[PDB]
Amino acid sequence: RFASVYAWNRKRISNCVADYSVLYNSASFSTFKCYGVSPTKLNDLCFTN
Amino acid sequence: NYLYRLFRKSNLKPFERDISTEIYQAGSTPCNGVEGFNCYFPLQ
């Protein structure tokens, strides 16, 4: 279940371990894009929210 | 007209001119060539 066209999918993630690498590496997505660098490079970095 | 390297395995040494254009693995996919998903052509 995802946000309808009248809402944006904005789900806060906090106080947790972010497996950014698996999100990039996984074949379950049809496509992946990133503004900066790949999630496998972001894999051990800390973020606000 | 002009192409620039965006995807490279490692950083260059001063005054190095490395011009191989082979398509290669970025992510989890065990390939070379086969551009798509997680293998890419190095220049744009």
# chains A, B, ... in the order shown; residues from 1 in each chain; ligands from 1
$ closest_atom_pairs --of "chain A" --to "chain B" --cutoff "10 Å" --atoms "only C-alpha atoms" --output "CSV"
residue,atom,partner,partner_atom,distance
A:21,CA,B:27,CA,9.2
A:22,CA,B:28,CA,9.2
A:24,CA,B:27,CA,7.4
A:25,CA,B:28,CA,5.1
A:26,CA,B:28,CA,7.6
A:27,CA,B:37,CA,8.3
A:29,CA,B:37,CA,9.4
A:30,CA,B:37,CA,8.3
A:31,CA,B:37,CA,7.2
A:32,CA,B:37,CA,8.1
A:38,CA,B:27,CA,8.9
A:39,CA,B:27,CA,9.9
A:40,CA,B:27,CA,8.1
$ select_by_dssp --residues "chain B" --states "strand (DSSP E)" --output "PyMOL selection string"
chain B and resi 24-25+39-40
$ residues_around --residues "segment 3-12 of chain B" --least-positions-apart "3" --cutoff "7 Å" --atoms "only C-alpha atoms" --output "mmCIF file with N, CA and C atoms, in the first residue's frame"
data_model
loop_
_atom_site.group_PDB
_atom_site.id
_atom_site.type_symbol
_atom_site.label_atom_id
_atom_site.label_comp_id
_atom_site.auth_asym_id
_atom_site.auth_seq_id
_atom_site.Cartn_x
_atom_site.Cartn_y
_atom_site.Cartn_z
ATOM 1 N N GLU B 16 47.342 11.130 -15.688
ATOM 2 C CA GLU B 16 46.982 9.868 -16.301
ATOM 3 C C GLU B 16 45.925 10.098 -17.379
ATOM 4 N N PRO B 42 30.702 3.598 -19.300
ATOM 5 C CA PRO B 42 31.422 4.615 -18.565
ATOM 6 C C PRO B 42 31.281 6.108 -18.921
ATOM 7 N N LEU B 43 30.930 6.447 -20.158
ATOM 8 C CA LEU B 43 30.869 7.863 -20.503
ATOM 9 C C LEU B 43 29.527 8.374 -20.939
ATOM 10 N N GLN B 44 29.350 9.655 -20.728
ATOM 11 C CA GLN B 44 28.168 10.349 -21.165
ATOM 12 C C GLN B 44 28.515 11.529 -22.017
#
$ residues_around --residues "residue 49 of chain A" --least-positions-apart "4" --cutoff "7 Å" --atoms "only C-alpha atoms" --output "PyMOL selection string"
chain A and resi 12-14
$ write_last_selection --atoms "N, CA, C and O atoms" --output "PDB file, in the first residue's frame"
ATOM      1  N   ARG A  12       8.592   8.705   7.322  1.00  0.00           N
ATOM      2  CA  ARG A  12       9.803   8.949   8.071  1.00  0.00           C
ATOM      3  C   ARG A  12      10.390   7.674   8.640  1.00  0.00           C
ATOM      4  O   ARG A  12       9.728   6.903   9.339  1.00  0.00           O
ATOM      5  N   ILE A  13      11.669   7.548   8.401  1.00  0.00           N
ATOM      6  CA  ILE A  13      12.570   6.532   8.857  1.00  0.00           C
ATOM      7  C   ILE A  13      13.585   7.211   9.766  1.00  0.00           C
ATOM      8  O   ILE A  13      14.223   8.195   9.373  1.00  0.00           O
ATOM      9  N   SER A  14      13.710   6.707  10.994  1.00  0.00           N
ATOM     10  CA  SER A  14      14.611   7.286  11.990  1.00  0.00           C
ATOM     11  C   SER A  14      15.050   6.257  13.013  1.00  0.00           C
ATOM     12  O   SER A  14      14.427   5.204  13.165  1.00  0.00           O
TER      13      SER A  14
END
$ atom_distance --atom1 "atom CA of residue 24 of chain B" --atom2 "atom CA of residue 33 of chain A"
17.5 Å
